[PDB]
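So that the names make sense, note that chain A is the first sequence line, chain B the second, and so on, each numbered from 1. For the numbers below, each heavy atom of this structure counts, side chains included, while hydrogens, waters and symmetry mates do not.
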Number of protein chains: 4
Amino acid sequence: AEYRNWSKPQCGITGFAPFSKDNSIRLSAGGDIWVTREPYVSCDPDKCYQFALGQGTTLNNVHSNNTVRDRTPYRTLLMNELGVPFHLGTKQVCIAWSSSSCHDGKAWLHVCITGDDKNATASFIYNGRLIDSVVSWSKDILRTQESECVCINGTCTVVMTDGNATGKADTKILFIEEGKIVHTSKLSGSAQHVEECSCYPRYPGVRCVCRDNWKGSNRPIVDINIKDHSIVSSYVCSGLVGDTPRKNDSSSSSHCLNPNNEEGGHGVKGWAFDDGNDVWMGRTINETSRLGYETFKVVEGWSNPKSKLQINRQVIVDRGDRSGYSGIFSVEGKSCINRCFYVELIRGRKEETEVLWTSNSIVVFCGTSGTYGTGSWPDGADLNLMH
Amino acid sequence: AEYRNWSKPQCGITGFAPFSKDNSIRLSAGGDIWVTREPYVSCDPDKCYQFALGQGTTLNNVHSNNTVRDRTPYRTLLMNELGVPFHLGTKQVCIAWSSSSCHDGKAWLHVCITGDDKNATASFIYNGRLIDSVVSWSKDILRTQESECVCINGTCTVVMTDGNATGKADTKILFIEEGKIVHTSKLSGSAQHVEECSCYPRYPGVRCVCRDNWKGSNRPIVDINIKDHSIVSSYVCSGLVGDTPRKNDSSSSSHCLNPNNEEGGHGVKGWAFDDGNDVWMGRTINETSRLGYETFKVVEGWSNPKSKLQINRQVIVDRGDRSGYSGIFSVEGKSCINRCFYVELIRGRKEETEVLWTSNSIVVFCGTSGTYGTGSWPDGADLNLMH
Amino acid sequence: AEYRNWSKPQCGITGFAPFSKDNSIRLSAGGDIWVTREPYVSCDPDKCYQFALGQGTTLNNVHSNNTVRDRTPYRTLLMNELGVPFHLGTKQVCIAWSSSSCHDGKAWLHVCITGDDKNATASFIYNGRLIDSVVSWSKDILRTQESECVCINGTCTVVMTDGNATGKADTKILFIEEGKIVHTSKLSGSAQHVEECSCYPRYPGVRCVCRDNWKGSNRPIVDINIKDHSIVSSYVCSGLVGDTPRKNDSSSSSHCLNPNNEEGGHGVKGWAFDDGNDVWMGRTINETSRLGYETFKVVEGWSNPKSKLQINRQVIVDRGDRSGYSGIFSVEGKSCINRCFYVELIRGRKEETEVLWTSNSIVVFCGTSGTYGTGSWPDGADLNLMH
Amino acid sequence: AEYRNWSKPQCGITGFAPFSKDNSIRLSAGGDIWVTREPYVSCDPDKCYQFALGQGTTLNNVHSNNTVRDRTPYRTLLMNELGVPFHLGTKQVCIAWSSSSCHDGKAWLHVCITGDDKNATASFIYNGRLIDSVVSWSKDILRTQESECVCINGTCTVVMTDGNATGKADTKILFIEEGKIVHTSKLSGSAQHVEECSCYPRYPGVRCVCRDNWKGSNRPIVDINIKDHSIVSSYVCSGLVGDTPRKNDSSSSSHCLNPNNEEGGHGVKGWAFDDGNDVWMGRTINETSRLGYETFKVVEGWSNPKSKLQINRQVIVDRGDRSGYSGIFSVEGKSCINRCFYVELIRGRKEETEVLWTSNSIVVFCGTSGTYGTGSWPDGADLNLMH
Ligand SMILES: *[C@@H]1O[C@H](CO)[C@@H](O[C@@H]2O[C@H](CO)[C@@H](O[C@@H]3O[C@H](CO[C@H]4O[C@H](CO[C@H]5O[C@H](CO)[C@@H](O)[C@H](O)[C@@H]5O)[C@@H](O)[C@H](O[C@H]5O[C@H](CO)[C@@H](O)[C@H](O)[C@@H]5O)[C@@H]4O)[C@@H](O)[C@H](O[C@H]4O[C@H](CO)[C@@H](O)[C@H](O)[C@@H]4O[C@H]4O[C@H](CO)[C@@H](O)[C@H](O)[C@@H]4O[C@H]4O[C@H](CO)[C@@H](O)[C@H](O)[C@@H]4O)[C@@H]3O)[C@H](O)[C@H]2NC(C)=O)[C@H](O)[C@H]1NC(C)=O
Ligand SMILES: *[C@@H]1O[C@H](CO)[C@@H](O[C@@H]2O[C@H](CO)[C@@H](O[C@@H]3O[C@H](CO[C@H]4O[C@H](CO[C@H]5O[C@H](CO)[C@@H](O)[C@H](O)[C@@H]5O)[C@@H](O)[C@H](O[C@H]5O[C@H](CO)[C@@H](O)[C@H](O)[C@@H]5O)[C@@H]4O)[C@@H](O)[C@H](O[C@H]4O[C@H](CO)[C@@H](O)[C@H](O)[C@@H]4O[C@H]4O[C@H](CO)[C@@H](O)[C@H](O)[C@@H]4O[C@H]4O[C@H](CO)[C@@H](O)[C@H](O)[C@@H]4O)[C@@H]3O)[C@H](O)[C@H]2NC(C)=O)[C@H](O)[C@H]1NC(C)=O
Ligand SMILES: *[C@@H]1O[C@H](CO)[C@@H](O[C@@H]2O[C@H](CO)[C@@H](O[C@@H]3O[C@H](CO[C@H]4O[C@H](CO[C@H]5O[C@H](CO)[C@@H](O)[C@H](O)[C@@H]5O)[C@@H](O)[C@H](O[C@H]5O[C@H](CO)[C@@H](O)[C@H](O)[C@@H]5O)[C@@H]4O)[C@@H](O)[C@H](O[C@H]4O[C@H](CO)[C@@H](O)[C@H](O)[C@@H]4O[C@H]4O[C@H](CO)[C@@H](O)[C@H](O)[C@@H]4O[C@H]4O[C@H](CO)[C@@H](O)[C@H](O)[C@@H]4O)[C@@H]3O)[C@H](O)[C@H]2NC(C)=O)[C@H](O)[C@H]1NC(C)=O
Ligand SMILES: *[C@@H]1O[C@H](CO)[C@@H](O[C@@H]2O[C@H](CO)[C@@H](O)[C@H](O)[C@H]2NC(C)=O)[C@H](O)[C@H]1NC(C)=O
Ligand SMILES: *[C@@H]1O[C@H](CO)[C@@H](O[C@@H]2O[C@H](CO)[C@@H](O)[C@H](O)[C@H]2NC(C)=O)[C@H](O)[C@H]1NC(C)=O
Ligand SMILES: *[C@@H]1O[C@H](CO)[C@@H](O[C@@H]2O[C@H](CO)[C@@H](O)[C@H](O)[C@H]2NC(C)=O)[C@H](O)[C@H]1NC(C)=O
Ligand SMILES: *[C@@H]1O[C@H](CO)[C@@H](O[C@@H]2O[C@H](CO)[C@@H](O)[C@H](O)[C@H]2NC(C)=O)[C@H](O)[C@H]1NC(C)=O
Ligand SMILES: *[C@@H]1O[C@H](CO)[C@@H](O[C@@H]2O[C@H](CO)[C@@H](O)[C@H](O)[C@H]2NC(C)=O)[C@H](O)[C@H]1NC(C)=O
Ligand SMILES: *[C@@H]1O[C@H](CO)[C@@H](O[C@@H]2O[C@H](CO)[C@@H](O)[C@H](O)[C@H]2NC(C)=O)[C@H](O)[C@H]1NC(C)=O
Ligand SMILES: [Ca+2]
Ligand SMILES: [Ca+2]
Ligand SMILES: [Ca+2]
Ligand SMILES: [Ca+2]
């Protein structure tokens, strides 16, 4: 077995085709299913896997009460093959209320953060063995991507943040080899606040589209040179911005090198990627809450901050149904690298009070060069009947 | 590992021997079992697998209400080893309310159709990665075989239909190589309406026996030349016809090249195959509803439209118990290709109103050259006790 | 991989050491567990597997009512690794209300009998594919060993019976190669009635100790020459007889070549094997019902019909707890062949009326050349609490 | 595959990082989970596994009543991959109310003790086959380590004890090769009473830190020469003693070669290991009951009986939550041997009377040479809600 290099061109993409759906919440009304949140997908050279942060409990279970909370000692990283719902046979690969995983061609790396908010620990687990660990450096919720990291040759990059979420924080890029931290780079550039990055290989390096909880609804970009460990950062230029909350499509604006100072203070994990000067992106349909999910291409949106020209829109989750985090993963093919994405479908507290729990299911789409129709693939659970 | 060619003679067949039974519904009264329909079987070079379209729910579950419906966003293709019932550990391999799967000797191909009725998407997934996709062409429920496809050398064929079910529709044969659609052929011949084909390798090509919802109770045949992509079609000549509804065995008639215009408008998935001039077939026992299942050979039934001479009848499901879809799969042996079949055993709405759900179990028989007795292997669940 | 020959000497045996216990019934009071009976054990070159005839239902399930019945269309052969209880993920390898399985070094063979009592079908499944089948020859419950068969070189033997149980029947020995019946030998010798044989390799051939429902409480022996397919039969000489019902140890008698005409009409599956002129055997402790299980060696018991000299007695199940069928399996070691056995622990109807079901758990002991203590390992479920 | 030698240096350790947590009890309030106690961890060259002594029942199950008892015929050794909770699919690898397991690089060895208290049997199972067994020698609860054994070259050592727990007993060290007992050494040295040893490879030999139920709260040490089978024993010198009950840190004393005669009569399984003249150890936080768990290094604590200078303290379980047994396991790396430990988190009777059962979950930490923060990772189940 060989290290991955991702040294192939991105595949031609006219849009996205359905790929997987787990129906986790619907099953949990008649079965023993983990309570989860912050899920993601990542693939080794053979199969794809779905991950999520468990809440140390099943859904039909007294311990699912108050699982809206984000950090407990009971949260672990769950790992299953894509399409296998999180049942009692699921392997808990580490302790974590924030995590990232990736496969370098030979083995899995998991970055797992747990412990106290003001003094958390990141554990680096490679090939099933703990290789390294680092303590929180700003003493304020050390946290990482909640989606897959990227390994090129033998070196994996992962973006971690520590500090005030709605303000100035310390973001670092770690370079990890067989689980060992071999270098640490500070975030550099014009992206001020960066969190929950959705990274993807863009040979010779790594590109990430992130979440800005501070001063903007246009997403930060972080480019990682995996050889000299240099970092450049900016924002997705597209005048159609990708975060939530945001202004409506008439009033919204963006900049290539600065936050847009529109609907700052909040945000959501999301993704985008470049196709020449165009950008492919997803986002919630509703501008203020996490309802619906839509995907489209913005013509010149990767370079033109005034471009509002979208095309190839697809509705993934219709506007009336709940969405959540979303993120990108990459799949190596015969001759090109495809881009896929997952959407977290959050149900429960606080927005829905019929139940006491908070959990999610997922839906997964993959890039295609063929043709496709329309549809909507929501969570589909009836919370009024789950009593 | 090598591509399959199926370049062996069909095995001598005196009838069929019991092979597998899952008891899915009986278990679901005391366990967490998927609600399913439209199941089928297919084998890689080593093991056999059972597939079905899940309904995104278990049986003992509030979400099993109204699962008589055929297309929802929650339906996925379930895949287990043959004999393993669909429990919560079952892998959902794709999103689908219509599907087909086959193994070419190296990896699995899944054809998965989901989305809106008037604008559905077929996803082509090979070796766990999405390779291609195509949109509905007639904007009227793009749909496929609900049983295994067939791969010869590296090329898999699958029959898809789009358009009016009880009338004129557009049926195409797709040629797929490592998940990529390499050619598309239009249905040609005297079979007017063709749906839910049961295909089997008949080297050098592929043969299918299908369902005619339009003008006939004799089953359409489709012959696929896998090299030049040419298509010839006709009907099973046998005066004992294989569809449901149908006329009684005295009044029924058939033609080799035309629908019999008897009990048109309805139908059911089924199968048949040729043994020289004879045809081996199965069908429901009751002429008007899906009750019972019987298998027999019609002497000269593959070529004589007037032949009503059956022999080697076996009762698979006695006349008083519910059956459903059935289909063929092929198993490569040491020196010959065997033919096997599955029978869907449907329970629930609308015909049985004691419950609110609709699901099935299955029973599987394989061709034999030995001897066999008699029996009946129904679903066996007591719906009156499942409250 | 190579065919097994079992061409090693039997290991030195001073008794038996605990090996595995599944606690199936205790678990079923708080989990989804198959209802089973007639279990057995068999090992491929790497691991050991436990088999049983399922009743097409779990225990906590309305369909477990009246599972005292022996033959239904819903019974299947369950197969798990030894120590894994029969949960919903268990593979049902075939349809069967009577079965036998063995591994020849390359793949598994399963002999599976199902269908009507007066017209049953034996299915021969090798390496996951149906290879052969045979119909009942006496039209009276074709039935087989309910324990492992034995393969030497490439040839597996299995003993099947058809006809009146409490009288004259037709017993045949089948020789099976890669699932194909290559020869059939009629039972020959002085063993008149032979059923539910417990066979074990005794190179160059196969030896079986069986159950006589007709005229005796001393167990029949069947020796199978695997090359010329010749059969010799007799009885276990030991004056301490191995069947149930039987006379007390003072009044019991035996013969090497004839049934003892004591407590004829009934019986139970069991086992014994030779150690020079000595016999190692197990049997129920109670003489009339299936209570307790004990193992011992009878000095000269393999050749002396008057020998009542036992030694190395071990209690496996104390006299007050329920036992059932038991049987032998063989495990190839570095330089010798060990002998092990399982005991079925039956609970439920008809003897226990607190519940409506009938099922079993198992306990497994293996031959040892070391030392051992005492104990008792019953089923341990409290049926009064399972309501 | 090759035998393990553990011929690498111990890894540099600044403390311990979180590694795994199973949340077994929280899940059992909404799922079918084994009742267990006395768990441990052990790793083959590829993955780590979690073991425990099952009680032959699940938690939500009438048979979990009175599972505070230590020895029943229903207790079996459960084995799962680390992180997979003990669900109904868990393999019961042997019968045991006391056990030890280890992997020599080629296969697993399990030492399994069951049977009567005054006449128990140890079964030695290697590569899935029973190879040897030995009877109790002092006729008073033959018992072993309840954590992993250690194999160097092809030879595994395991420490077993038989006799009065709160007094003089007979402790032997067994040397096992491919499951066969090849030598037996009597405990020799100044450690009088030795039980439940936590052993770890310290090339060229094996070192164990044990529990003294007799005359001391300082832990016995046993050094095993794996070539000449010689045994030296002593006590952990550290003036901060590792057992429970114990005196407070001001009043406690220790000796290198004698029990401290403080809080004799009781004790708990635990661990420690040497780092030059320093000792790394864990222990309960509360001096008298099994509440809390803390880890630290005692400067010169491996050689100085008066040293009370601790540093690098970490709280594993805060002082108000229940702990239990703990033990060490070793993980071979690229160039060094790491040391990890597990902590049993006991819930239920007798200390907690809201429920009738007694069970545990676990938490696992691994040695690290990086940095870490703080936290507390208790069991987290709410027993008041589990009714
Ligand atoms: C079955 O499924 C398939 C696959 O899913 C479906 O096909 C997909 O359908 C969707 C939905 O329509 C399409 O996405 C939309 O695309 C258009 C852009 O494409 C159109 O316009 C292009 C540019 O045209 C202009 O220039 C050309 C010269 O270059 C000139 O000729 C022309 O007259 C015009 O001036 C055309 O190139 C393009 O034609 C091509 O494609 C056609 C297929 O669509 C085909 O017929 C042609 O042959 C040719 O190949 C095409 O006409 C986007 O406009 C659109 O996004 C708007 O609409 C969505 C709702 O769909 C809405 O959510 C968005 O916000 C956005 O709406 C804003 O913009 C509109 C235009 O500015 C405006 O009308 C709206 O009111 C709204 O304005 C608001 O926002 C803007 C900023 O965005 C702001 O400034 C305003 O103030 C205000 O706030 C979608 O992205 C897919 O491309 C299409 N996919 C494929 C592969 O074909 C199919 O529908 C399904 N079939 C059935 C039966 O269900
Ligand atoms: C911890 O666990 C271990 C391992 O499990 C336990 O050790 C095991 O213990 C069991 C139970 O005792 C033993 O099995 C029994 O074995 C004896 C046979 O062995 C004894 O007798 C041998 C022959 O002695 C005669 O000849 C010699 C000369 O050859 C002469 O010296 C002697 O005086 C006598 O004349 C001896 O060789 C043998 O000694 C050897 O072993 C000893 C250990 O046991 C050891 O001390 C010696 O050093 C030496 O090595 C030994 O004394 C069987 O008799 C016995 O079976 C009877 O008892 C069981 C109940 O245990 C009962 O169910 C059976 O039915 C049977 O009882 C019938 O026969 C008896 C004798 O005829 C009679 O007294 C009974 O009333 C009864 O009679 C009825 O049946 C007969 C037909 O059977 C009928 O004709 C009558 O009319 C009537 O109906 C057991 O098989 C194991 O061998 C032993 N295992 C080992 C490895 O040591 C240990 O007990 C446990 N420890 C603790 C503390 O729990
Ligand atoms: C985020 O997480 C990280 C990682 O977990 C946290 O960092 C860890 O924090 C813990 C908790 O403090 C530390 O463990 C404690 O370590 C100290 C020993 O280290 C201190 O003392 C050393 C010796 O100092 C002496 O000598 C030097 C010269 O050699 C001289 O300069 C000095 O003045 C003094 O005389 C120092 O080397 C050491 O400094 C080093 O480390 C510092 C970081 O801590 C750093 O600032 C320095 O730069 C330098 O590198 C340091 O000052 C142990 O004393 C302590 O154990 C005591 O406390 C725990 C509670 O924490 C208690 O449970 C123990 O029982 C014990 O308390 C007894 O002893 C005390 C001293 O004797 C006494 O005050 C207590 O009352 C008590 O006495 C009782 O017991 C004794 C016997 O034990 C008995 O005789 C008495 O009668 C009585 O019964 C802990 O082990 C970790 O080392 C530290 N880890 C790391 C990697 O840094 C961090 O806190 C977290 N951050 C946040 C914001 O949460
Ligand atoms: C996190 O950072 C934000 C900066 O965005 C801080 O909020 C600012 O606080 C000052 C002083 O109270 C106000 O004048 C500003 O209006 C706030 N800014 C915004 C954008 O609302 C916040 O206090 C920081 N948190 C901590 C704990 O330091
Ligand atoms: C689907 O096709 C059928 C043809 O079989 C159409 O039904 C026919 O409709 C015409 C006009 O209403 C009637 O005169 C015929 O008697 C019908 N034929 C039969 C066999 O019943 C049907 O309308 C078509 N559906 C659509 C949506 O076009
Ligand atoms: C085929 O099945 C149908 C039911 O689908 C049977 O028709 C029923 O017959 C009984 C007795 O004649 C009537 O009371 C019912 O009203 C009928 N049911 C329905 C739904 O129409 C029919 O008898 C079966 N045919 C054969 C040959 O067995
Ligand atoms: C099965 O065989 C037994 C022979 O063991 C038959 O039972 C005998 O029947 C005759 C005639 O009724 C009686 O005189 C004998 O006493 C019976 N023998 C015994 C040992 O009880 C039995 O009838 C046979 N069953 C069938 C269906 O033929
Ligand atoms: C187990 O050993 C202990 C020795 O520690 C025995 O307890 C002692 O018994 C004597 C006589 O009754 C007392 O004088 C001592 O005070 C006891 N010692 C302690 C430390 O409490 C105990 O009896 C032994 N058990 C058996 C069954 O022999
Ligand atoms: C160690 O744990 C024990 C309990 O095992 C604690 O003792 C309890 O203390 C409270 C408050 O002092 C008393 O009300 C209880 O009666 C005690 N319980 C028992 C069972 O004795 C003790 O406080 C703990 N010690 C430390 C240092 O935390
Ligand atoms: Ca934002
Ligand atoms: Ca029809
Ligand atoms: Ca008998
Ligand atoms: Ca002690």
Take D:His63 and C:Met386, measure what side-chain contact (heavy atoms from CB on, under 4.5 Å) needs, and give me the verdict at the end. CA-CA 10 Å; D:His63 299 103; C:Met386 292 163 85; 4.0 Å; yes
Can you check side-chain contact (heavy atoms from CB on, under 4.5 Å) on D:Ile95 and C:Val363, steps first, answer last? CA-CA 9 Å; D:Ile95 314 174; C:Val363 64; 4.2 Å; yes
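Within the model, atoms OH of D:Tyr74 and CG of C:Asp379 stand 7.5 Å from one another, a figure rounded to the nearest 0.5 Å. Annotation: the span from C:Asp382 atom CG to D:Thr57 atom OG1 amounts to 11.5 Å, rounded to 0.5 Å. Separation of atoms CH2 (C:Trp377) and CZ (D:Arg75) is listed at 15.5 Å; rounding is to 0.5 Å. In this structure, D:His87 NE2 and C:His87 NE2 are separated by 6.5 Å, a value rounded to the nearest 0.5 Å.
Using modelled atom types and a 3.5 Å distance limit, the side chains of D:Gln92 and C:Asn23 yield a donor-acceptor pair.
Put simply, of C:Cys11, C:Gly30, C:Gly370, C:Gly375, the one with the most heavy-atom pairs under 4.5 Å next to chain D is C:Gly30. Options D:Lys91, D:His110, D:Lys180, D:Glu178 differ in how many heavy-atom pairs under 4.5 Å they form with chain C, and the most are formed by D:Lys91. Of the listed residues (C:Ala29, C:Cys366, C:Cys43), the greatest number of heavy-atom pairs within a distance under 4.5 Å of chain D belongs to C:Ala29. Of the listed residues C:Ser376, C:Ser369, C:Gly31, the one with more heavy-atom pairs under 4.5 angstrom with chain D than any other is C:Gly31. If you tally non-hydrogen atom pairs under 4.5 Å between each of D:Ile33, D:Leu77, D:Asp116 and chain C, the highest count goes to D:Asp116. Ranked by heavy-atom pairs under 4.5 Å with chain C, the first of D:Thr72, D:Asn127, D:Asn61 is D:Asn61. Of the residues considered (C:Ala381, C:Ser24, C:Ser20, C:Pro18), C:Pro18 shows the highest number of contacts with chain D, using heavy-atom pairs under 4.5 Å. Considering only heavy-atom pairs separated by less than 4.5 Å from chain C, the leading option among D:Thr121, D:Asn119, D:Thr76 is D:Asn119.
Only the side chain of D:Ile125 has a heavy atom closer than 4.5 Å to any heavy atom of chain C. D:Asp132 touches chain C through backbone and side chain together, each having a heavy atom under 4.5 Å away. For chain C, the nearby parts of D:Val134 are the backbone and the side chain; heavy atoms of each come within less than 4.5 Å. When heavy atoms are compared at a cutoff of 4.5 Å, C:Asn80 does not approach chain D at all. Using a 4.5 Å cut-off between heavy atoms, D:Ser123 touches chain C through its side chain atoms alone. Heavy atoms of D:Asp117 lying under 4.5 Å from chain C are absent altogether. When heavy atoms are compared at a cutoff of 4.5 Å, C:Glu332 approaches chain D solely by way of its backbone atoms N, CA, C and O.
In plain terms, the two heavy atoms of D:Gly89 and C:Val84 that are nearest each other are O-CG1, 4.0 Å.
D:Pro73 places a side-chain heavy atom less than 4.5 Å from the side chain of C:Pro378. Residues D:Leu130 and C:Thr368 have side chains in contact (heavy-atom distance under 4.5 Å, counting atoms from C-beta outward).
Annotation for C:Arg313: atom CZ counts as buried by contact number, over 12 foreign heavy atoms lying within 6.0 Å.
Of the possible polar contacts, none joining the D:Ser133 side chain to the C:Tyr372 backbone as a donor-acceptor pair under 3.5 Å is found.
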